[PDB]
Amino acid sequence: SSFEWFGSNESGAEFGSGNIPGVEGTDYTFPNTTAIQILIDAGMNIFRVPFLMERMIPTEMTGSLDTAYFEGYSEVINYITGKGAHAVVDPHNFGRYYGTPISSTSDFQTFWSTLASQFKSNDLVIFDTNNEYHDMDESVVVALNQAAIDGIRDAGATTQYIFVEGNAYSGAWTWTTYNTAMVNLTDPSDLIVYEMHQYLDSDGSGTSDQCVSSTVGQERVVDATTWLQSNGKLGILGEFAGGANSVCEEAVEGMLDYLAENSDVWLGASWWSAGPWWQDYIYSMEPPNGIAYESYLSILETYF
(Lines of atoms letter the chains of each structure in order from A and count residues from 1; the text may use other names and numbers.)
(Lines give C-alpha, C1' and ligand atoms only; values in the text may rest on other atoms or scores of the structure.)
Protein backbone atom coordinates (compact mmCIF):
# COMPACT_ATOMS: atom_id res chain seq x y z
CA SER A 1 0.00 0.00 0.00
CA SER A 2 3.09 2.21 0.21
CA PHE A 3 3.60 2.22 -3.57
CA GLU A 4 1.67 1.35 -6.70
CA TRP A 5 4.33 -1.19 -7.73
CA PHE A 6 6.90 -3.14 -5.71
CA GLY A 7 8.84 -6.11 -7.04
CA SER A 8 12.14 -7.31 -8.44
CA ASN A 9 14.29 -7.68 -11.52
CA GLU A 10 14.49 -11.20 -12.97
CA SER A 11 17.89 -11.61 -14.62
CA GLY A 12 19.48 -14.32 -16.74
CA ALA A 13 18.53 -13.64 -20.35
CA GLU A 14 21.11 -10.82 -20.48
CA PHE A 15 23.99 -12.90 -19.05
CA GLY A 16 27.13 -13.70 -21.00
CA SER A 17 26.97 -10.53 -23.10
CA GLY A 18 30.34 -11.44 -24.62
CA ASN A 19 28.77 -14.38 -26.49
CA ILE A 20 26.38 -13.26 -29.24
CA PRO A 21 24.10 -14.92 -29.96
CA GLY A 22 25.21 -17.33 -27.24
CA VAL A 23 23.64 -20.62 -26.18
CA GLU A 24 20.68 -20.99 -23.84
CA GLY A 25 21.57 -23.10 -20.82
CA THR A 26 25.24 -22.12 -21.23
CA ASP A 27 25.74 -18.35 -21.64
CA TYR A 28 22.22 -17.28 -20.65
CA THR A 29 18.90 -18.60 -19.37
CA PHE A 30 15.42 -17.37 -18.98
CA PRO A 31 14.00 -16.65 -15.51
CA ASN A 32 12.19 -19.40 -13.60
CA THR A 33 8.43 -18.88 -13.45
CA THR A 34 8.21 -21.07 -10.32
CA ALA A 35 10.50 -18.80 -8.28
CA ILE A 36 8.71 -15.80 -9.79
CA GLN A 37 5.48 -17.37 -8.55
CA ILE A 38 7.01 -17.58 -5.07
CA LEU A 39 7.69 -13.84 -5.20
CA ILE A 40 4.15 -13.09 -6.44
CA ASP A 41 2.96 -15.13 -3.47
CA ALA A 42 5.07 -12.92 -1.19
CA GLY A 43 3.11 -9.97 -2.62
CA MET A 44 5.34 -8.51 -5.36
CA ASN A 45 3.39 -7.16 -8.34
CA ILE A 46 6.02 -6.06 -10.90
CA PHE A 47 8.92 -7.94 -12.49
CA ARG A 48 11.57 -6.41 -14.74
CA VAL A 49 13.10 -8.87 -17.21
CA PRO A 50 16.40 -7.89 -18.84
CA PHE A 51 17.27 -9.14 -22.32
CA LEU A 52 19.88 -8.36 -24.99
CA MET A 53 18.89 -6.37 -28.08
CA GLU A 54 21.36 -8.34 -30.21
CA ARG A 55 19.76 -11.66 -29.23
CA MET A 56 16.20 -10.34 -29.67
CA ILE A 57 16.77 -8.64 -33.04
CA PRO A 58 20.08 -9.84 -34.51
CA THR A 59 22.39 -8.17 -37.03
CA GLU A 60 20.47 -4.90 -37.46
CA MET A 61 18.07 -2.97 -35.24
CA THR A 62 15.64 -2.86 -38.20
CA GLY A 63 15.67 -6.65 -38.61
CA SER A 64 13.31 -9.45 -37.69
CA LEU A 65 12.83 -11.09 -34.31
CA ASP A 66 14.86 -14.16 -33.41
CA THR A 67 11.89 -16.48 -32.95
CA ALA A 68 13.58 -18.77 -30.41
CA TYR A 69 14.88 -16.02 -28.12
CA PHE A 70 11.63 -14.06 -28.41
CA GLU A 71 9.56 -17.12 -27.53
CA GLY A 72 11.66 -17.97 -24.49
CA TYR A 73 11.47 -14.34 -23.36
CA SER A 74 7.75 -13.83 -24.00
CA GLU A 75 6.95 -17.08 -22.17
CA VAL A 76 8.25 -15.41 -19.00
CA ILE A 77 6.59 -12.07 -19.82
CA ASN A 78 3.21 -13.71 -20.45
CA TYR A 79 3.56 -15.86 -17.35
CA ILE A 80 4.02 -12.67 -15.32
CA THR A 81 1.06 -10.85 -16.87
CA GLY A 82 -1.19 -13.92 -16.82
CA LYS A 83 -0.88 -13.78 -13.02
CA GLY A 84 -1.92 -10.11 -12.95
CA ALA A 85 1.48 -8.50 -12.35
CA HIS A 86 3.20 -5.85 -14.47
CA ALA A 87 6.15 -7.07 -16.56
CA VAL A 88 8.89 -4.66 -17.67
CA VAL A 89 10.49 -5.47 -21.03
CA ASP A 90 14.07 -4.22 -20.65
CA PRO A 91 16.64 -4.10 -23.47
CA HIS A 92 19.66 -4.36 -21.16
CA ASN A 93 22.11 -2.68 -23.53
CA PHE A 94 23.43 0.57 -21.95
CA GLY A 95 22.58 2.60 -25.04
CA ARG A 96 24.74 0.38 -27.24
CA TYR A 97 24.21 -2.15 -30.04
CA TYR A 98 27.07 -4.57 -30.76
CA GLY A 99 29.19 -2.36 -28.51
CA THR A 100 28.67 0.80 -30.58
CA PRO A 101 26.62 3.65 -29.08
CA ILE A 102 23.18 3.96 -30.63
CA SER A 103 23.00 7.09 -32.78
CA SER A 104 20.04 6.44 -35.12
CA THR A 105 16.63 7.53 -33.86
CA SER A 106 15.01 5.89 -36.90
CA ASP A 107 16.70 2.51 -36.42
CA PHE A 108 15.92 2.60 -32.68
CA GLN A 109 12.30 3.54 -33.39
CA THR A 110 12.03 0.61 -35.82
CA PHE A 111 13.51 -1.80 -33.26
CA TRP A 112 10.94 -0.64 -30.73
CA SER A 113 8.03 -0.90 -33.18
CA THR A 114 9.05 -4.46 -34.07
CA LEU A 115 9.30 -5.42 -30.40
CA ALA A 116 6.24 -3.58 -29.05
CA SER A 117 4.11 -4.99 -31.88
CA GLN A 118 4.30 -8.37 -30.09
CA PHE A 119 2.80 -7.04 -26.83
CA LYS A 120 0.47 -4.36 -28.18
CA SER A 121 -2.71 -5.71 -26.55
CA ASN A 122 -1.21 -6.62 -23.14
CA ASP A 123 -1.93 -3.68 -20.83
CA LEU A 124 0.23 -5.23 -18.10
CA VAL A 125 3.45 -4.93 -20.11
CA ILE A 126 5.69 -1.93 -19.38
CA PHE A 127 8.28 -0.90 -21.97
CA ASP A 128 11.75 0.19 -20.83
CA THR A 129 13.49 2.17 -23.58
CA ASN A 130 16.99 0.98 -22.63
CA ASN A 131 18.85 0.06 -19.45
CA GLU A 132 21.29 2.74 -18.26
CA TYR A 133 22.44 4.97 -21.07
CA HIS A 134 25.93 6.25 -20.26
CA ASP A 135 28.93 8.07 -21.71
CA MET A 136 26.83 9.47 -24.53
CA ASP A 137 25.66 12.94 -25.48
CA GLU A 138 22.53 14.03 -23.61
CA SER A 139 20.75 15.23 -26.76
CA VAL A 140 21.22 11.74 -28.23
CA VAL A 141 19.91 10.06 -25.06
CA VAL A 142 16.78 12.23 -24.95
CA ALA A 143 16.33 11.73 -28.70
CA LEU A 144 16.58 7.94 -28.29
CA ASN A 145 13.95 7.90 -25.54
CA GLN A 146 11.65 9.98 -27.75
CA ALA A 147 12.27 7.62 -30.67
CA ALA A 148 11.47 4.61 -28.48
CA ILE A 149 8.19 6.21 -27.36
CA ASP A 150 7.42 6.98 -31.00
CA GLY A 151 8.02 3.41 -32.14
CA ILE A 152 6.05 1.92 -29.25
CA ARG A 153 2.99 4.07 -29.88
CA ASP A 154 3.20 3.80 -33.69
CA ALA A 155 3.02 0.00 -33.35
CA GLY A 156 -0.39 0.32 -31.68
CA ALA A 157 0.81 -0.30 -28.10
CA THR A 158 -0.94 2.70 -26.57
CA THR A 159 -2.13 1.48 -23.15
CA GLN A 160 1.26 0.55 -21.67
CA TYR A 161 3.44 2.64 -19.40
CA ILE A 162 6.85 3.50 -20.85
CA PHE A 163 9.85 3.70 -18.52
CA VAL A 164 12.34 6.24 -19.82
CA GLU A 165 15.94 6.20 -18.61
CA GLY A 166 18.50 8.99 -18.57
CA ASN A 167 22.23 9.31 -19.13
CA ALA A 168 24.86 8.55 -16.46
CA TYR A 169 23.34 5.10 -15.77
CA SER A 170 20.02 6.86 -14.95
CA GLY A 171 21.22 7.31 -11.37
CA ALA A 172 18.90 9.12 -8.99
CA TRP A 173 21.71 10.87 -7.14
CA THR A 174 23.07 12.49 -10.30
CA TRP A 175 19.73 13.10 -12.04
CA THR A 176 19.61 16.89 -11.76
CA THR A 177 23.31 17.06 -12.69
CA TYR A 178 23.06 15.30 -16.07
CA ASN A 179 19.43 14.61 -17.02
CA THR A 180 17.33 17.78 -16.63
CA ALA A 181 16.80 17.87 -20.41
CA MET A 182 14.87 14.58 -20.06
CA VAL A 183 11.97 16.78 -18.92
CA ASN A 184 11.13 17.52 -22.57
CA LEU A 185 9.91 14.01 -23.49
CA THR A 186 6.36 13.56 -24.77
CA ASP A 187 4.01 10.62 -25.28
CA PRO A 188 0.71 10.60 -27.21
CA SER A 189 -0.67 8.39 -24.40
CA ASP A 190 0.77 10.51 -21.53
CA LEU A 191 2.07 7.38 -19.75
CA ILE A 192 5.74 8.29 -19.24
CA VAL A 193 7.51 7.25 -16.04
CA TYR A 194 11.09 8.27 -15.25
CA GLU A 195 13.02 5.18 -14.12
CA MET A 196 16.07 5.82 -11.96
CA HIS A 197 18.47 3.43 -10.24
CA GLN A 198 20.12 3.87 -6.87
CA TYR A 199 22.81 1.88 -5.10
CA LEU A 200 24.34 2.76 -1.76
CA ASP A 201 28.01 1.85 -2.08
CA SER A 202 30.53 4.65 -2.40
CA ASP A 203 30.45 4.99 -6.20
CA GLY A 204 26.84 3.91 -6.68
CA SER A 205 27.96 0.98 -8.81
CA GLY A 206 26.10 -1.60 -6.74
CA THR A 207 29.05 -3.99 -6.67
CA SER A 208 29.68 -4.07 -2.89
CA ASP A 209 27.68 -5.23 0.12
CA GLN A 210 28.86 -2.17 2.11
CA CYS A 211 26.96 1.12 2.16
CA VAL A 212 28.32 4.60 2.84
CA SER A 213 26.13 5.24 5.90
CA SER A 214 22.75 4.44 7.43
CA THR A 215 21.30 7.56 5.76
CA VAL A 216 22.89 7.64 2.29
CA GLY A 217 19.84 6.36 0.39
CA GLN A 218 17.41 9.11 1.34
CA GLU A 219 20.20 11.67 0.82
CA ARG A 220 20.75 10.19 -2.65
CA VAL A 221 17.08 10.45 -3.71
CA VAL A 222 16.20 13.94 -2.37
CA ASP A 223 17.13 15.95 -5.47
CA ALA A 224 15.47 13.54 -7.92
CA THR A 225 12.29 13.66 -5.84
CA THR A 226 12.28 17.47 -5.90
CA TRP A 227 12.80 17.40 -9.68
CA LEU A 228 9.86 15.02 -10.20
CA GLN A 229 7.54 17.12 -8.04
CA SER A 230 8.65 20.43 -9.57
CA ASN A 231 8.17 19.33 -13.18
CA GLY A 232 4.97 17.32 -12.66
CA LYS A 233 6.60 14.01 -13.60
CA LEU A 234 6.38 10.47 -12.23
CA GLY A 235 9.26 8.24 -11.20
CA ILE A 236 10.09 4.65 -10.37
CA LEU A 237 13.23 3.17 -8.79
CA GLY A 238 13.86 0.43 -11.33
CA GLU A 239 16.97 -0.88 -9.54
CA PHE A 240 18.12 -0.75 -5.93
CA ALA A 241 19.89 -3.04 -3.50
CA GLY A 242 21.78 -3.15 -0.23
CA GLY A 243 24.12 -5.53 1.52
CA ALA A 244 23.19 -8.09 4.16
CA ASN A 245 24.04 -5.93 7.17
CA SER A 246 22.31 -3.51 9.52
CA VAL A 247 23.70 -0.26 8.10
CA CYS A 248 22.61 -1.09 4.54
CA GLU A 249 19.21 -2.29 5.74
CA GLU A 250 18.69 0.99 7.61
CA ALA A 251 19.76 2.97 4.54
CA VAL A 252 17.38 1.04 2.26
CA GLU A 253 14.61 1.49 4.84
CA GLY A 254 15.24 5.23 5.04
CA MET A 255 15.31 5.60 1.25
CA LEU A 256 12.08 3.64 0.70
CA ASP A 257 10.54 5.58 3.60
CA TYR A 258 11.35 8.88 1.87
CA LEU A 259 9.97 7.61 -1.44
CA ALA A 260 6.74 6.46 0.22
CA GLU A 261 6.44 9.87 1.87
CA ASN A 262 6.65 11.20 -1.70
CA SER A 263 4.48 8.54 -3.37
CA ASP A 264 2.66 11.28 -5.30
CA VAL A 265 5.53 11.07 -7.83
CA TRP A 266 7.18 7.77 -6.88
CA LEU A 267 5.18 4.86 -8.31
CA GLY A 268 7.33 2.18 -6.70
CA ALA A 269 10.56 0.24 -6.75
CA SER A 270 12.10 -2.97 -8.09
CA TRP A 271 14.90 -4.84 -6.33
CA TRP A 272 18.08 -5.84 -8.14
CA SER A 273 18.01 -8.73 -8.59
CA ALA A 274 16.20 -12.06 -8.68
CA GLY A 275 16.79 -14.86 -11.16
CA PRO A 276 17.99 -18.44 -11.31
CA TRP A 277 21.75 -18.15 -11.98
CA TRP A 278 22.85 -15.71 -9.26
CA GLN A 279 24.24 -18.33 -6.79
CA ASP A 280 25.57 -16.40 -3.74
CA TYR A 281 25.38 -12.99 -5.43
CA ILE A 282 25.37 -10.32 -2.75
CA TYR A 283 21.94 -9.01 -3.82
CA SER A 284 20.20 -12.25 -4.88
CA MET A 285 16.43 -12.09 -4.29
CA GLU A 286 15.96 -15.61 -5.69
CA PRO A 287 14.30 -18.23 -3.41
CA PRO A 288 14.85 -20.29 -1.43
CA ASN A 289 18.12 -18.88 -0.04
CA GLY A 290 19.47 -15.92 -1.98
CA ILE A 291 21.29 -13.54 0.35
CA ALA A 292 18.84 -10.69 -0.28
CA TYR A 293 15.86 -13.07 -0.15
CA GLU A 294 16.80 -14.06 3.41
CA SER A 295 17.91 -10.66 4.70
CA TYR A 296 15.56 -8.30 2.82
CA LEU A 297 12.32 -9.99 1.69
CA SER A 298 10.63 -9.56 5.08
CA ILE A 299 11.75 -5.91 5.15
CA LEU A 300 10.28 -5.22 1.71
CA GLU A 301 7.02 -7.01 2.56
CA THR A 302 6.38 -4.25 5.12
CA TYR A 303 5.82 -1.86 2.18
CA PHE A 304 3.46 -4.20 0.32
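Residue indices: 1-based, along the sequence shown.
Report task. Can you let me know which of the two, 221-229 or 128-136, has the higher average C-alpha B-factor in the entry? Result -> So the stretch with the higher mean C-alpha B-factor is 221-229.
**Report entry** 113-121 versus 177-185 - which carries the larger mean C-alpha B factor in the record
**Finding:** Mean B over CA atoms: larger for 177-185.
Query - Position of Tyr194 among the chain's modelled residues by C-alpha B-factor, lowest, middle or highest third - result: It belongs to the lowest third of the chain when residues are ordered by C-alpha B-factor.
Requested in this report: Divide the modelled residues of the chain into thirds by Cα B-factor and specify which third, lowest, middle or highest, holds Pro50.
Outcome: Its C-alpha B-factor, which the entry lists for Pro50, ranks in the lowest third among residues of this chain.
Report task. Comparing against every modelled residue in the chain, figure out the third that the C-alpha B-factor of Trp272 lands in (lowest, middle or highest). Result -> It belongs to the lowest third of the chain when residues are ordered by C-alpha B-factor.
Query raised in the report: Lowest, middle or highest third: where is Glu165 by Cα B-factor in its chain?
Result: Ranked within chain, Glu165 CA B lands in the lowest tercile.
Query raised in the report: Can you tell me which third, lowest, middle or highest, the CA B-factor of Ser202 falls into for its chain?
Result: Ranked within chain, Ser202 CA B lands in the middle tercile.
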